[PDB]
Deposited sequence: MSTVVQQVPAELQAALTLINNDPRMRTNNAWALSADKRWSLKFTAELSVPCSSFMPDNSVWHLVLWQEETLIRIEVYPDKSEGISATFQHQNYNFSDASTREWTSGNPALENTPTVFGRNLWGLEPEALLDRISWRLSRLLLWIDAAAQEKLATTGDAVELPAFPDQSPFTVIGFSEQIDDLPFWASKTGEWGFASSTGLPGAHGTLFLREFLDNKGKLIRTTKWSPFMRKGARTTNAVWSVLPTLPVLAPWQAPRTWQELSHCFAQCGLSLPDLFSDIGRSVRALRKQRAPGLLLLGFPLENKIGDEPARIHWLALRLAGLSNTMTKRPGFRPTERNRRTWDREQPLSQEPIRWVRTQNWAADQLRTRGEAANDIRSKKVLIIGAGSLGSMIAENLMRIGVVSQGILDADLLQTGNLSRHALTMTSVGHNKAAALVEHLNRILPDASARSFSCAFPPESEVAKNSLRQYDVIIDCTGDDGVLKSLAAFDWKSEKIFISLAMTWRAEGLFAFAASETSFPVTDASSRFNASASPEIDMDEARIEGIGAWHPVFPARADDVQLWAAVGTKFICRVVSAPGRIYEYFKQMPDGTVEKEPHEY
């Protein structure tokens, strides 16, 4: 029997002035309840959308969530794909509806803020909400006002895109003129697979018709070490290849139609590619096709960057086109979820001590934007240190600095880290000159000899010195910062001694292991991570406003952190 909620929904549809329905509810084999209903328009109709449009309301349940979706009718429904909507494709199945469900949840500019409101929880209220949003969406689509000034330019939905394979590239603003004069030209391109990843590739270099380098892409040292295979063909187009109104071409014929609309010819391009492949004996066969076009970030703005789309590579066939997802791995497109200020992201940073605190600080700095880092250490990594450290068992037996540098270079595609295996101060003059090229010097060793050697070293220019250290049992943190040609050691030592810190007791000091004599200082991983985060924030604040700064931090049993500053 038809349940009461569906009867109430039927009454709701019947009552609405701009909606009519005659068919009743029907349960499917997949436990989906569907109802056929017609909708009207209050705005002059367009060619793409008729006035009386037939839709199907479908409700189902997956695990504990109830899905409410309106799908176009296969016979008397809309056939084109608009913005904020999935691809409207009709398949050969018992389904009476298509797959072009409008994305009602998205709120365009035309959608009023008060009209949008919020989504209810009860099924009937949710149904009413969805139906009102559907009416708004259909009138907006009729007006061709779904995308207006100020909205983001979302890419059209592509049919049958593999959810595993990804292609990466790097295009910046300054690269726009270089391609601007090459509209209508085609060439070859090479790619490399990401080591250890699953189904990911990235572009490396661009060639021309006869196979000559025109541009090379800069990557991280981890990515730069790889085999380059030329298996792509690139061609620059005037605009985005999209069919009216926002439909992505599904067959080769539609792509050729869009090419003809732009003013180019796909078969001529294919013939030229074949001829050039015959000419060059080294070239075997391209496997991918790349289409480049200028793209904007908002509607009403002007293009500033080139976007590339990839398809698995004839023009006259009706076969479906295989599409592959592409991502821009440019520096400004990597940390859109939060990044540090430009004042610290443009500095070269040197860190002395690749132990517990230093490794975590370096990892955080690499993840927040600072990419030019150097590490100074001359010790070896052991299994015990991994109790409080940022590396794993695959780095045991290596120099700490080198392993940390490799790990940092494996983080993001714009990393550039260097390692020094010597101990401060270096003996060779060349190493001293290399060290004197950094702007910020950070000390995370906890050793007084390093502090004296820093004061005994000739830096030949003004530098920013930061010293960070923890107390006994990791109950507190000393942070000191200065901006001078030479490091002040007496003032730092006086500030360290003046602060109230716990006394060292040998009872809590456990021996490193059986058959050993020297003890170790007690510290858990969470305390070190806490202090590393606090120190990173301190470094950012110091770089923003340089000067003579000293601060002491103390952790409390309830989980709070208190701060004692010093007035100069």
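- Judged by missing C-alpha atoms, the gaps in the deposited chain sequence fall at residues 1-6, 320-345, listed in sequence order.
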